[PDB]
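Here is data_35.cif, consisting of mmCIF, N, CA and C atoms; chains and numbers go by the auth columns:
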```cif
data_run
#
loop_
_atom_site.group_PDB
_atom_site.id
_atom_site.type_symbol
_atom_site.label_atom_id
_atom_site.label_comp_id
_atom_site.label_asym_id
_atom_site.label_seq_id
_atom_site.Cartn_x
_atom_site.Cartn_y
_atom_site.Cartn_z
_atom_site.B_iso_or_equiv
_atom_site.auth_seq_id
_atom_site.auth_asym_id
ATOM 1 N N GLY A 1 -73.290 -1.267 64.684 0.00 1 A
ATOM 2 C CA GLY A 1 -72.756 -2.631 64.478 0.00 1 A
ATOM 3 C C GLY A 1 -73.596 -3.679 65.173 0.00 1 A
ATOM 4 N N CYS A 2 -73.606 -4.881 64.627 0.00 2 A
ATOM 5 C CA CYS A 2 -74.351 -5.984 65.217 0.00 2 A
ATOM 6 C C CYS A 2 -73.462 -6.755 66.191 0.00 2 A
ATOM 7 N N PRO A 3 -73.887 -6.870 67.466 0.00 3 A
ATOM 8 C CA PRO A 3 -73.112 -7.562 68.506 0.00 3 A
ATOM 9 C C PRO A 3 -72.812 -9.014 68.138 0.00 3 A
ATOM 10 N N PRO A 4 -71.551 -9.452 68.300 0.00 4 A
ATOM 11 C CA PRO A 4 -71.149 -10.817 67.959 0.00 4 A
ATOM 12 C C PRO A 4 -71.829 -11.853 68.845 0.00 4 A
ATOM 13 N N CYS A 5 -72.367 -12.891 68.228 0.00 5 A
ATOM 14 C CA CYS A 5 -72.975 -13.981 68.972 0.00 5 A
ATOM 15 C C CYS A 5 -72.009 -15.153 69.040 0.00 5 A
ATOM 16 N N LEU A 6 -72.167 -15.999 70.046 0.00 6 A
ATOM 17 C CA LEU A 6 -71.300 -17.163 70.211 0.00 6 A
ATOM 18 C C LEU A 6 -71.776 -18.317 69.339 0.00 6 A
ATOM 19 N N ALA A 7 -72.432 -17.974 68.247 0.00 7 A
ATOM 20 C CA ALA A 7 -72.941 -18.963 67.316 0.00 7 A
ATOM 21 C C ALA A 7 -71.986 -19.158 66.148 0.00 7 A
ATOM 22 N N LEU A 8 -71.163 -18.152 65.876 0.00 8 A
ATOM 23 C CA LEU A 8 -70.273 -18.220 64.728 0.00 8 A
ATOM 24 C C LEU A 8 -68.864 -18.658 65.119 0.00 8 A
ATOM 25 N N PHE A 9 -68.650 -19.961 65.072 0.00 9 A
ATOM 26 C CA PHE A 9 -67.334 -20.550 65.270 0.00 9 A
ATOM 27 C C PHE A 9 -67.249 -21.799 64.413 0.00 9 A
ATOM 28 N N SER A 10 -67.660 -21.643 63.170 0.00 10 A
ATOM 29 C CA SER A 10 -67.819 -22.757 62.261 0.00 10 A
ATOM 30 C C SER A 10 -67.559 -22.308 60.829 0.00 10 A
ATOM 31 N N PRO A 11 -66.984 -23.202 60.003 0.00 11 A
ATOM 32 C CA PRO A 11 -66.649 -22.917 58.597 0.00 11 A
ATOM 33 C C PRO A 11 -67.860 -22.481 57.765 0.00 11 A
ATOM 34 N N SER A 12 -69.045 -22.556 58.358 0.00 12 A
ATOM 35 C CA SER A 12 -70.282 -22.208 57.679 0.00 12 A
ATOM 36 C C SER A 12 -70.413 -20.699 57.444 0.00 12 A
ATOM 37 N N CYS A 13 -69.584 -19.898 58.112 0.00 13 A
ATOM 38 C CA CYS A 13 -69.628 -18.449 57.921 0.00 13 A
ATOM 39 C C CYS A 13 -68.719 -18.022 56.774 0.00 13 A
ATOM 40 N N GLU A 14 -67.862 -18.949 56.340 0.00 14 A
ATOM 41 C CA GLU A 14 -66.947 -18.721 55.222 0.00 14 A
ATOM 42 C C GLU A 14 -65.973 -17.584 55.510 0.00 14 A
ATOM 43 N N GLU A 15 -65.545 -17.503 56.768 0.00 15 A
ATOM 44 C CA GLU A 15 -64.571 -16.512 57.217 0.00 15 A
ATOM 45 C C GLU A 15 -65.090 -15.098 57.001 0.00 15 A
ATOM 46 N N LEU A 16 -66.374 -14.935 57.263 0.00 16 A
ATOM 47 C CA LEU A 16 -67.020 -13.633 57.219 0.00 16 A
ATOM 48 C C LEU A 16 -66.752 -12.859 58.499 0.00 16 A
ATOM 49 N N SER A 17 -67.339 -11.681 58.601 0.00 17 A
ATOM 50 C CA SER A 17 -67.268 -10.915 59.829 0.00 17 A
ATOM 51 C C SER A 17 -68.449 -11.287 60.715 0.00 17 A
ATOM 52 N N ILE A 18 -68.398 -10.943 61.990 0.00 18 A
ATOM 53 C CA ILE A 18 -69.459 -11.332 62.905 0.00 18 A
ATOM 54 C C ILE A 18 -70.797 -10.730 62.492 0.00 18 A
ATOM 55 N N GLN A 19 -70.775 -9.469 62.106 0.00 19 A
ATOM 56 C CA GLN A 19 -71.968 -8.785 61.648 0.00 19 A
ATOM 57 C C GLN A 19 -72.478 -9.387 60.339 0.00 19 A
ATOM 58 N N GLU A 20 -71.604 -10.052 59.597 0.00 20 A
ATOM 59 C CA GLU A 20 -71.993 -10.597 58.306 0.00 20 A
ATOM 60 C C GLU A 20 -72.531 -12.024 58.429 0.00 20 A
ATOM 61 N N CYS A 21 -72.186 -12.730 59.507 0.00 21 A
ATOM 62 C CA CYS A 21 -72.683 -14.095 59.680 0.00 21 A
ATOM 63 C C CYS A 21 -73.747 -14.169 60.775 0.00 21 A
ATOM 64 N N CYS A 22 -73.757 -13.190 61.670 0.00 22 A
ATOM 65 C CA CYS A 22 -74.696 -13.190 62.788 0.00 22 A
ATOM 66 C C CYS A 22 -75.726 -12.072 62.634 0.00 22 A
ATOM 67 N N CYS A 23 -75.662 -11.366 61.518 0.00 23 A
ATOM 68 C CA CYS A 23 -76.539 -10.228 61.287 0.00 23 A
ATOM 69 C C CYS A 23 -76.676 -9.989 59.786 0.00 23 A
ATOM 70 N N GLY A 24 -77.184 -10.999 59.093 0.00 24 A
ATOM 71 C CA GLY A 24 -77.279 -10.946 57.650 0.00 24 A
ATOM 72 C C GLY A 24 -78.321 -9.968 57.154 0.00 24 A
ATOM 73 N N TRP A 25 -77.867 -8.957 56.429 0.00 25 A
ATOM 74 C CA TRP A 25 -78.753 -7.980 55.822 0.00 25 A
ATOM 75 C C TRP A 25 -78.382 -7.785 54.361 0.00 25 A
#
```
Any chance you could put this one into structure tokens?
Amino acid sequence: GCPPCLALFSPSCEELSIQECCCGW
């Protein structure tokens, strides 16, 4: 799993998971 970053606290992730917004593959 990709460790959650304190960068995702914004509607820009579209309510994704941490690994999906902070670890896009």
What does the PyMOL selection byres (((chain A and resi 1 and name CA) around 7) and name CA) select in this file, as a CSV table (one decimal) with N, CA and C atoms, in the frame of the given file?
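Writing the result to part.csv gives the following:
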```csv
chain,number,residue,atom,x,y,z
A,2,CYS,N,-73.6,-4.9,64.6
A,2,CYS,CA,-74.4,-6.0,65.2
A,2,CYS,C,-73.5,-6.8,66.2
A,3,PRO,N,-73.9,-6.9,67.5
A,3,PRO,CA,-73.1,-7.6,68.5
A,3,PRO,C,-72.8,-9.0,68.1
A,19,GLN,N,-70.8,-9.5,62.1
A,19,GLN,CA,-72.0,-8.8,61.6
A,19,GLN,C,-72.5,-9.4,60.3
```
Give the alpha helix (DSSP H) residues of chain A, as DSSP finds them on the backbone, and put them as an NGL selection string.
:A and (18-21)
Serialized selection, N, CA and C atoms, as a CSV table (one decimal), keeping the file's coordinate frame:
```csv
chain,number,residue,atom,x,y,z
A,18,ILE,N,-68.4,-10.9,62.0
A,18,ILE,CA,-69.5,-11.3,62.9
A,18,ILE,C,-70.8,-10.7,62.5
A,19,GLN,N,-70.8,-9.5,62.1
A,19,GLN,CA,-72.0,-8.8,61.6
A,19,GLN,C,-72.5,-9.4,60.3
A,20,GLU,N,-71.6,-10.1,59.6
A,20,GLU,CA,-72.0,-10.6,58.3
A,20,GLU,C,-72.5,-12.0,58.4
A,21,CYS,N,-72.2,-12.7,59.5
A,21,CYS,CA,-72.7,-14.1,59.7
A,21,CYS,C,-73.7,-14.2,60.8
```
Would you work out the distance separating atom C of residue 9 (chain A) from atom C of residue 24 (chain A), expressed in Å to one decimal?
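Separating atom C of residue 9 (chain A) from atom C of residue 24 (chain A) is a distance of 17.8 Å.
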Counting only C-alpha atoms, select every polymer residue within 8 Å of (-73.5, -15.9, 66.5) as defined in the file's coordinates, and provide the selection as a VMD selection string.
chain A and resid 4 to 9 18 21 to 22
